[PDB]
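Worksheet: the structure to be examined is printed underneath.
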Amino acid sequence: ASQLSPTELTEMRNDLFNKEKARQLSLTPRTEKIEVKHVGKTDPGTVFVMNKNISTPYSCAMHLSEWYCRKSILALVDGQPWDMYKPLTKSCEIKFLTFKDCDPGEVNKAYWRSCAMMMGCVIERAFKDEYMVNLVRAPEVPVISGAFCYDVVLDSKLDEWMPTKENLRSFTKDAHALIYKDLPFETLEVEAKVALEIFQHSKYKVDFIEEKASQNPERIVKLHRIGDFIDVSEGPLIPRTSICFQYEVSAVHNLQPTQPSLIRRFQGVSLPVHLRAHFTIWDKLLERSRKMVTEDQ
Amino acid sequence: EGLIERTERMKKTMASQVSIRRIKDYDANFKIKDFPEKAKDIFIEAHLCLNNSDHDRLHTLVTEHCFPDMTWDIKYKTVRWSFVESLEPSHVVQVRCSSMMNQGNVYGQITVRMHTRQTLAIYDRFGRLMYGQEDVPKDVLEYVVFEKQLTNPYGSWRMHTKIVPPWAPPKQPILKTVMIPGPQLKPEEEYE
Amino acid sequence: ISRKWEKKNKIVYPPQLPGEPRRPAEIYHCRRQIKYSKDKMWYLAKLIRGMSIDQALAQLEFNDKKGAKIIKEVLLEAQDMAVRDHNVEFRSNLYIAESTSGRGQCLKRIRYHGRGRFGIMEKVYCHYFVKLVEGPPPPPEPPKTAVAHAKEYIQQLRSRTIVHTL
Amino acid sequence: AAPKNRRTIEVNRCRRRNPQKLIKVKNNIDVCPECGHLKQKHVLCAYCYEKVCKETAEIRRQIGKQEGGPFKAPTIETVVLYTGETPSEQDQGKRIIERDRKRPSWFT
Ligand SMILES: [Mg+2]
Ligand SMILES: [Zn+2]
């Protein structure tokens, strides 16, 4: 905890991230072969021979066809959802998940984690630098509610204002600037010690890291990155940020009475490129998401 | 120390000695204990002329059985090969001869083990690295048999083939990922 | 008869230095003497020219022409030789670079017109060439906006001189 | 009427190569949810339709065996059975065609 400009903080954070990723890649010495199997439906019995801790499941979908690259959003390594750009470890059996599948609930949760994380990325770089922004967390709300939510403490100077429609449309236009550049959701699975050594300043991030490290016995939390943003989340993400097509932040709401300081919950709604809606239905969904989502218990 | 029942090992030695007897009965003035040096340098410059892609010297160094077995899959690739160091002095392990009278020929096959270290770096036809590594003396031991047609009056000693033991360690892996496709179905059901 | 498109797969480049880019793989393949006219085959070759190989197969599986099955066979076996022989590692990661059609050797017949008159009916044949290059398909050249038009016009006006004098 | 001059290759290339004559890219195409064999929207998948027509052909061959000659065409519903698969009580009067296979996992 010290005085730091907001840019040298992201410099030291993504430099430490790149150092840990280089160490993760360098720990394995050679090219080890793993035999990932395809236990899906369409092309059964296919067995790839991959490079261990190098090859992604996107690099397994590239072997088959281009449609496995276009429409597959999450992998399913043996029982567990694996994000499409995470290097495989052991000899496994794999299966790809799409948006128009029969039971897409896991990939819906993954999509809304990724959209809430994008909203945090677009909130944290839009405010005045003399004001302080502390990204608290994104609580895992179910997708049956209309919007994804992200929790942010604003400045002590700003316990009185609320944004008009122009600031919200500025937020969505910056989020569309984020969407228009096709960026990879890069993951990295780090120990709790290195992860706590990354952040070091946001005490809200510190207790969230401790909460996610307390539940597994190895103390490993899931870090992710879009470009130069680094955030904590539970579970996997979607591959690219260009999968989102219709994006919007709806409103903000203040939830005071549980705490002295004021936490502001930013809300917004999204839809992928394969599941886009007509303008009328989209305005209906945009209209519902202004109401406050409260599903935490 | 020797194991139990050493007499059958001496019987293998007897079979090797009666084959040496047959090669000497055909062609005398043939020393035995300098043939590992001939074997080693034949092996080495055979692989060097494979590196230079010069078939006309390979034909007098290696035989018609292993010329496609060493030249076929390398036709558009480029091999960079280098014998760096002899680890252990080579040894003759089996001498045999066959009396196949189909056209009055007899062949004498010398099996000789060799334990050494080489480098190997196989590239692609576009010049991309494919299999090996440039400057590392990775060690391998190989049992290679030689062969000279005795009845032919010119008859060099050419490398015939190499026998791979079943307990051999698997070779170093490929640099590229590989897809093995499953059963390609007609309208049917996949049963496995 | 000249067959040089077949021999282009036998080029072997020197081994690349470590401080160099990748040099993507190049695969030439062709099918000679197809019983199909070279213009109608050219329309399909112009359809493919820039697309990726999976998109090319997708467009050619649903195009209702005689040459579509032929070019689908050629592209499938070129994909197979690219993965097997020329050391492309990903089956999907190939785009069509060149795609064209040439005249093949034709025969001649009589057509038996309706008096004691006749024409020379010609039994048409053609070729199909294709060249694959590994890598993602290149982005299309975007149409020039008004900024580029204005910049080129001002560059033109800045370029002019006082002609026919010192 | 006859041509008065030979059309050159420039005029011909301007005619036979414009976008009104080129082949239009279609984008109706996606993978089939079962069997992944690249159907078109608004069109049944040819692989799945080939499956169904092969099984229908074998059922029709067994029907043609059971009906003897032509002009027979019974006045009862029919129903097909695979190996195992005892007739249900609701399929009492219905004609029973049993070929020999396991029941495939799309025909229920
Ligand atoms: Mg007449
Ligand atoms: Zn289908």
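Sequential numbering from 1, following the chain as shown.
Per the header: electron microscopy, 3.2 Å.
The backbone N, Cα and C atoms fix where each Cβ goes, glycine too.
Swiss-Prot annotations:
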BINDING   D:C32, D:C35, D:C45, D:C48  Zn(2+) binding site
COMPBIAS  D:91-103  compositional bias 'Basic and acidic residues'
When a 10 Å sphere is centred on the Cβ of D:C48 (Zn(2+) binding site), how many other Cβ atoms does it contain? 17
Cβ neighbours within the same chain of D:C35 (Zn(2+) binding site) - under 8 Å, at least six residues apart: D:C45, D:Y47, D:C48
In the chain carrying D:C32 (Zn(2+) binding site), residues 6 or more apart in sequence that have Cβ under 8 angstroms from it: D:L38, D:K39, D:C45, D:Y47, D:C48
So around the Zn(2+) site, D:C32, D:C35, D:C45, D:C48 aside, which residues have their CB within 8 A of the centroid of those CB atoms? D:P33, D:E34, D:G36, D:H37, D:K39, D:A46, D:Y47, D:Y49
With CB distance below 8 Å as the criterion, list the binding-site residues among D:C35, D:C45, D:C48 that sit near chain A. D:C35
Helix, strand or coil: which one is D:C48 (Zn(2+) binding site) in, per DSSP? helix
Taking helix as H, G and I and strand as E and B in DSSP, count the residues of the compositional bias 'Basic and acidic residues' (D:91-103) in helix, strand and coil. 0 helix, 4 strand, 9 coil
